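> Have a look at this one before I ask anything.
Structure, rendered in structure tokens:
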């Protein structure tokens with residue numbers, strides 16, 4: 003093996019290795035960009051499930067007044 | 003019923019109504035603020051499920067090179 007065959011090889015080994023790297027970086031970034039979105043889908047869910055609750059508190063309170071308004075009108079019509 | 007009993011009533015009716023209102027508004031805003039968050043939890047999911055796919059494309063392609071490197075080294079050691 004001439005210093006010529008050899009060096010054309012040592013340089014391909016590099017590049018194969020550079021890329022196993024780089025690619026492992028790109029993997030690491032998605033593993034993380036996805037963990038960030040997981041976290042987001044969690045605060046969106048913990049927030050949505052907490053609207054449905056305030057919503058029900060109000061609808062109930064408004065059906066409260068919706069009668070206090072109907073009481074009030076009956077008292078006025080007599 | 004004096005113009006006095008009457009007007010103290012007509013004014014409470016108002017306020018019962020004003021609030022059936024206002025509250026119906028607050029309902030409408032949550033019905034919507036929640037629909038906005040539903041839409042977000044959908045693009046987060048359609049995006050996360052699309053990372054898991056690019057991720058697997060790379061890990062595969064990196065296991066590609068991970069041998070192209072090992073092929074390359076065997077050729078250099080003979």
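Protein chains in written order, with the authors' numbering: chain A, 3 to 80; chain B, 3 to 80.
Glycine included, C-beta positions come from ideal geometry on N, C-alpha and C.
(1) Under the assumption that residue 57 (chain A) contacts residue 32 (chain B) (Cβ atoms under 8 Å), give the Cβ distance between them as a whole number of angstroms.
(2) Which residue comes first and which comes last in the alpha helix (DSSP H) that contains residue 38 (chain B)?
(3) Is there a C-beta anywhere in chain B that falls below 8 Å from the one on residue 5 (chain A)?
(4) Are residue 36 (chain B) and residue 55 (chain A) touching if we call contact CB-CB under 8 Å?
(5) Quick check on residue 51 (chain A): does DSSP put it in helix, strand or coil?
(6) What residues from the segment 18-29 of chain B come within 8 Å of chain A, judged by C-beta to C-beta, listed N to C?
(7) Whose C-alpha, out of B:80, B:11, B:14, B:27, is nearest the C-alpha of residue 61 (chain A)?
(8) Listed from N- to C-terminal order along the chain, which residues in the segment 56-74 of chain B have their beta-carbon within a distance smaller than 8 Å of any beta-carbon of chain D?
(9) Please state if the CB of residue 74 (chain A) and the CB of residue 10 (chain B) are separated by a distance shorter than 8 Å.
In this structure, then:
(1) The residue you call residue 57 (chain A) lines up with position 55 of the first chain. The residue you call residue 32 (chain B) lines up with position 30 of the second chain. Residue 57 (chain A) to residue 32 (chain B), Cβ: 5 Å. Contact.
(2) Taking the first residue of the second chain as 1, we reach residue 38 (chain B) at position 36. Where residue 38 (chain B) is concerned, the enclosing alpha helix (DSSP H) stretches over 5-45.
(3) Here residue 5 (chain A) corresponds to residue number 3 of the first chain, with the count starting at 1. No, residue 5 (chain A) lies away from the interface with chain B (no Cβ there is under 8 Å from its Cβ).
(4) Locating residue 36 (chain B) in the second chain gives position 34, counting from the first residue. Locating residue 55 (chain A) in the first chain gives position 53, counting from the first residue. The answer is no: Cβ separation not under 8 Å.
(5) As a first step, residue 51 (chain A) is located in the first chain; it is residue number 49 there, counting from the start. It is helical.
(6) 18, 19, 21, 22, 25, 26, 28, 29
(7) Reading the first chain from its first residue, position 59 is the one you call residue 61 (chain A). Selected option, being the one with the closest Cα: B:27.
(8) Among the protein chains of the structure shown, namely A and B, there is no chain D.
(9) Residue 10 (chain B) sits at position 8 when you count from the first residue of the second chain. Residue 74 (chain A) sits at position 72 when you count from the first residue of the first chain. No; because the gap between Cβ atoms is not below 8 Å, this pair is not in contact.
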